[PDB]
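Asks: Kindly return the folded structure for what I paste below:
(chains A, B, C, D, E, F and G)
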Amino acid sequence: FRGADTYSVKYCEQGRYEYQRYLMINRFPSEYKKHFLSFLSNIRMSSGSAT
Amino acid sequence: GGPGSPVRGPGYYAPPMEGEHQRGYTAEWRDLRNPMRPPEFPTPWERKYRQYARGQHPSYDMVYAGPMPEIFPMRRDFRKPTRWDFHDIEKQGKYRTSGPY
Amino acid sequence: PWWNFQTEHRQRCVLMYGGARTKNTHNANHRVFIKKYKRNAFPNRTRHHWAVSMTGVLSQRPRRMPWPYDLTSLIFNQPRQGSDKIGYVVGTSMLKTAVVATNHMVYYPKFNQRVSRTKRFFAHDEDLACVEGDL
Amino acid sequence: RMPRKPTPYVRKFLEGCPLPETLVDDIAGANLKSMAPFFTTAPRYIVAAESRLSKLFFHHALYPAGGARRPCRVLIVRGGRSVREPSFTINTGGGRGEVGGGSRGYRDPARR
Amino acid sequence: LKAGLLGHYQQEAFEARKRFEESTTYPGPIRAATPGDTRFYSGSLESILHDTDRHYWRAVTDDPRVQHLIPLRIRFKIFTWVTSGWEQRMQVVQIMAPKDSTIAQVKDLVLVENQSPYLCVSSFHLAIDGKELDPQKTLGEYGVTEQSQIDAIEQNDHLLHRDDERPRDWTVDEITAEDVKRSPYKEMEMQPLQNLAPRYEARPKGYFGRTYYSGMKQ
RNA sequence: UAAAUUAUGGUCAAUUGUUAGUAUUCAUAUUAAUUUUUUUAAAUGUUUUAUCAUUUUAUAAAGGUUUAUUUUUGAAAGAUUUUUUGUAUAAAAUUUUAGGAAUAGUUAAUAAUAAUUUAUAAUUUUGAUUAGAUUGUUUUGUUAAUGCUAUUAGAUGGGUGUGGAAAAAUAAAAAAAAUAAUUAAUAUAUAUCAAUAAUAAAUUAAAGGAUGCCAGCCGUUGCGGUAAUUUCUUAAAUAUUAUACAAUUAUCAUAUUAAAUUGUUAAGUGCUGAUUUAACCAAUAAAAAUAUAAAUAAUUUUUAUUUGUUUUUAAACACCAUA
RNA sequence: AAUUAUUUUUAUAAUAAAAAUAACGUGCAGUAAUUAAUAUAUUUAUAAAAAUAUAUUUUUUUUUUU
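Replies: Numbers count the residues shown, from 1 in each chain, chains lettered A, B, ... in the order given. Okay, here it is:
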């Protein structure tokens, strides 16, 4: 069953992250606020203890 | 397909579609069984792979190694429990017996 | 080779349930329906049952399913299915509330049909600005 | 849920007739719910089961739940005789520690 | 609604927008209004505690929270102990009073930055070069500016009636941070927050294992 | 009406087995079978602790019926700390019934936790409520097939209000706070006895039968004919219809229109149709967007036949002997 | 002497067991010298029948042909 089967050379000669297509993800403004605040808190987490 | 499925439309024909949906179903959606070109990359890096994105493998004289098919008696299922087959999840499941031979 | 989405689904099932993908269930079981009531005295007023009624939500024939390609998905990007709709105000008997009639599409592969259904939603307008007939 | 093979017929629901736990407890001598209304002078037979008899249940056997003034009965316990090994203190090892032997009541029958 | 008419309606809307942009021709410079807040956040309901009254990300600072204020200095008569004893000296407190505040309001503000347990303990009155100030007189009516030497004469009463009922950090936004150990004008307000824990994503969405076929997206 | 322009000055073809993929057997497959095997008899030792207590140990079954859900931060993970502040509760969408109708501890608003209030509220023929069936379930099977067909992941408002969370009366074991043990096929029954029954629960290896009949001169003597003779010694169900030739249950049911229908207040006529393919006048023939657009339609009407209505009540004619 | 393809009934200050029915009309069935057919409805005890009312249809050339 398909013992000898090959694929294009584009697959093996593509660069990294060439295939990613630009799609605009949409989310609610409440989601925007929630995620922005969460990311800001995570950035501001103080180092030393476990970070 | 619904929640987890990547499939977006029926395989061959569908109801009439409009605008971007028709454009996508007709041209732009991923068609992974295409034998001439693979799915198409974004604009800046499709041009530079245009001449790698034809055909499947450049050799048209491939000498088939491996086992020969059995034409009598013809078996229906080849499903056996195996200990070291890491591809069993794929070796299972019905597949179409249509190929070059 | 290229595999189906069924192969991906089988992989997921095997990983989560540990190899449990199916059981090869018997398919040709000979069912029978045994009638208990009289020929024309079934105990119901609207629908009378006299055969083997199958009770599938997505396992009933003729097949049908949501069709995500319609006006709403055509006219604006949504964060999530059914998040944003466009309809007509149908009733305003409730205070600070508008009843909006919205439509969607169901798909029947057997007949290759795209039939438009309708759904009614209680919306909210705090300042009583919606009148019946507003889009 | 439990797997069940489908069947086109009606399924039978057996209710069963097990051996009454109350009877097993009564013969073992370990029934703490029974109240005998009338006190009697007649031997009571009990069959020891896997060393389920103890001081707690034997106290009730002596003084039944009906309310008694004296052990006024003979109490036959088939089997139930125990044999106790001697006890000695191990001084070797990490420290002093008793070894009490044990009672081989149910484990060693009287006659093979 | 029939989707086939979307193209025709798009053409009609394009033409209507062009007619609007062409006929009325009455745009102009209009002051923008603060966007207020919305009650219709998505997801499940939120509790009372976290109802900070903003349900979207606004990266600007609108007018209502902006205040016009002047950095006044208030002098205090303090006595220091030198080898001889009780030498007289001077102590100052920085106060950020709004331009339109009254002298009584400025005094009440000074009551609030007096973290010192020794400085504002007895009733006092504000004065300029000895001339006492009317407590119901506006700063502009006295002409006082930051370059204005103003003294606080502490009458030797006691039991100064206080009301900490007004939080030190009270803006129109009605935020109430429990810690009132420093004024908002002194707090840096931008520093690492150690009272928390960074949490990574432990819930895979669609991809759990051996082969990333499609990732079961959505 | 464009009228046959002279370079014919370049002929010498095709085939070399090299692939842009649903392909159709009305009878072969497909099931219970020709090949169905294999076992299974309950009565039970989780643990540590400061000791008559306290700490750790949150989804067994049958029944009842199942929306289409769930990140208690709160316990643990877990750390230079600290919160029972680390946003878990939401929505969209897809169900069945030969005899098809009503539903309600009800909808929204609210200074109302815990509604003495206000409203022309809410569900439903686009098929609701109840009743019946009923876990869902592109995984099964079949086919040339977007057809048909099959299914066991779960969940659980009165048993302690404990707990971070009820998931709590059973536990093929996910090792559970000292390295119990860690090259073993053990995942043992061997936790071997004990009332108790194979009713029942699970599982598919590859270390000769049928089967009678008969008055003996006639009592219930119980003789015989008679060792009585004939019938018994791959198919059924079928998947593949994914099409309805065909007509003798048919399964019902848009009124056939400018050549037509209607006329009292409007025309014409003894009912216009005996003659005659032709019939005065009035009303009535077209008139939104869109052909792709997947509901762009209405839910009414009766010119035909019977029957009622009543009917000094038709004179008649024809049927009876009313109509 | 030619041409012809299942259901019903029933119970008391006592509360489901008894009875009966069913199974296309079809036997020794209908007046054949033989009496138009088809549809729909009304009636009458010859009812698998007949009568009445309406409608359509059946012509084989010497009437008609936009």
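
Asks: Can you tell me how far the residue positioned nearest the centre of chain A is from residue C:17?
Replies: Centroid-nearest residue in chain A, with Cα atoms, centre = their mean: residue A:20, separated by 9.6 Å. According to Cβ to Cβ, to the nearest Å, residue A:20 stands 33 Å off from residue C:17. C-beta coordinates here come from the backbone N, C-alpha and C atoms, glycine included.

Asks: same check, this time on residue D:31
Replies: 47 Å.

Asks: Likewise for residue C:68?
Replies: 29 Å.

Asks: Looking at those two, which has the bigger crowd around it?
Replies: residue C:68 (16 against 9; other Cβ atoms under 10 Å in any protein chain shown).

Asks: Burial check on the closest residue to the more buried one other than its chain neighbours, number of neighbours?
Replies: Take residue C:68 and drop its neighbours on the chain: the residue closest to it by Cβ to Cβ, 6 or more residues apart in numbering or on different chains is residue C:81, 6.9 Å away. By the criterion of other Cβ under 10 Å, residue C:81 has 13 neighbours.

Asks: so which strand or helix has residue C:81?
Replies: For residue C:81, there is no helix or strand it lies in under DSSP states H and E.

Asks: wait, it sits on residue C:69?
Replies: No - using Cβ atoms under 8 Å, residue C:81 is not in contact with residue C:69; the gap is 12.0 Å.

Asks: ok, which stretches of chain A are helices?
Replies: Ranges of helices in chain A, per DSSP state H, are A:9-13, A:29-44.

Asks: any chance of those helices in a markdown table, plus mean neighbour count and distance to residue E:59?
Replies: Listed next are the helices of chain A as a markdown table, based on neighbours: other Cβ atoms under 10 Å in any protein chain shown; distance: least, Cβ to Cβ, whole Å:
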| stretch | mean neighbour count | distance to residue E:59 |
| --- | --- | --- |
| helix A:9-13 | 14 | 42 |
| helix A:29-44 | 13 | 9 |
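
Asks: Nearest to residue D:92, out of those?
Replies: helix A:29-44 (60.5 Å; Cβ to Cβ).

Asks: Please state the offset of the longest helix along chain C from the chain centre?
Replies: Ranked by residue count and defined by DSSP H, the top helix of chain C is helix C:5-17. Relative to the chain's own centre, helix C:5-17 is displaced by 25 Å; criterion: Cα atoms, centre = their mean, to the nearest Å.

Asks: same thing with stretch E:36-54?
Replies: 20 Å.

Asks: How about stretch E:65-81?
Replies: The chain centre lies 19 Å from the centre of stretch E:65-81; the measure is Cα atoms, centre = their mean.

Asks: and what of stretch C:117-128?
Replies: Its chain's C-alpha centre and that of stretch C:117-128 lie 21 Å apart, by Cα atoms, centre = their mean.

Asks: Alpha carbons of that stretch, as CSV, please.
Replies: Only the C-alpha atoms of stretch C:117-128 are listed here, as CSV (Å, rounded to 0.1, in the frame of the first residue of the first chain):
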residue,chain,number,x,y,z
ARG,C,117,-34.1,28.4,9.1
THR,C,118,-35.1,31.1,11.6
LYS,C,119,-34.4,31.7,15.2
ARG,C,120,-35.8,34.3,17.7
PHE,C,121,-33.7,36.2,20.2
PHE,C,122,-34.6,38.5,23.1
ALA,C,123,-32.3,41.5,22.6
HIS,C,124,-31.7,44.4,25.0
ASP,C,125,-32.2,48.1,24.2
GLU,C,126,-32.0,50.1,27.5
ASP,C,127,-33.3,53.4,26.0
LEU,C,128,-36.3,52.0,24.1
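
Asks: where along chain E do the strands fall?
Replies: Under the criterion DSSP state E, strands of chain E are mapped to E:69-80, E:87-98, E:124-128, E:131-132, E:150-154.

Asks: which helices and strands sit right next to the first one?
Replies: Right, strand E:69-80. strand E:87-98, helix E:103-113, strand E:150-154 (3 or more Cβ pairs under 8 Å, 6 or more residues apart in numbering or on different chains; DSSP states H and E).

Asks: Pull up the pairing partners for the shortest one, direction included.
Replies: Read that as strand E:150-154. Its sheet considered, strand E:150-154 pairs with strand E:69-80 (parallel), strand E:124-128 (antiparallel) by DSSP bridges.

Asks: residues in chain E within reach of chain B, list them.
Replies: E:3-4, E:6-7, E:206, E:214, E:216-218 (Cβ under 8 Å from any Cβ of the partner chain).

Asks: Could you give me the ChimeraX syntax to select whichever of those residues are buried?
Replies: Only the buried entries of those go into this ChimeraX selection, using 16 or more other Cβ atoms under 10 Å in any protein chain shown:
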select /E:3,206,216
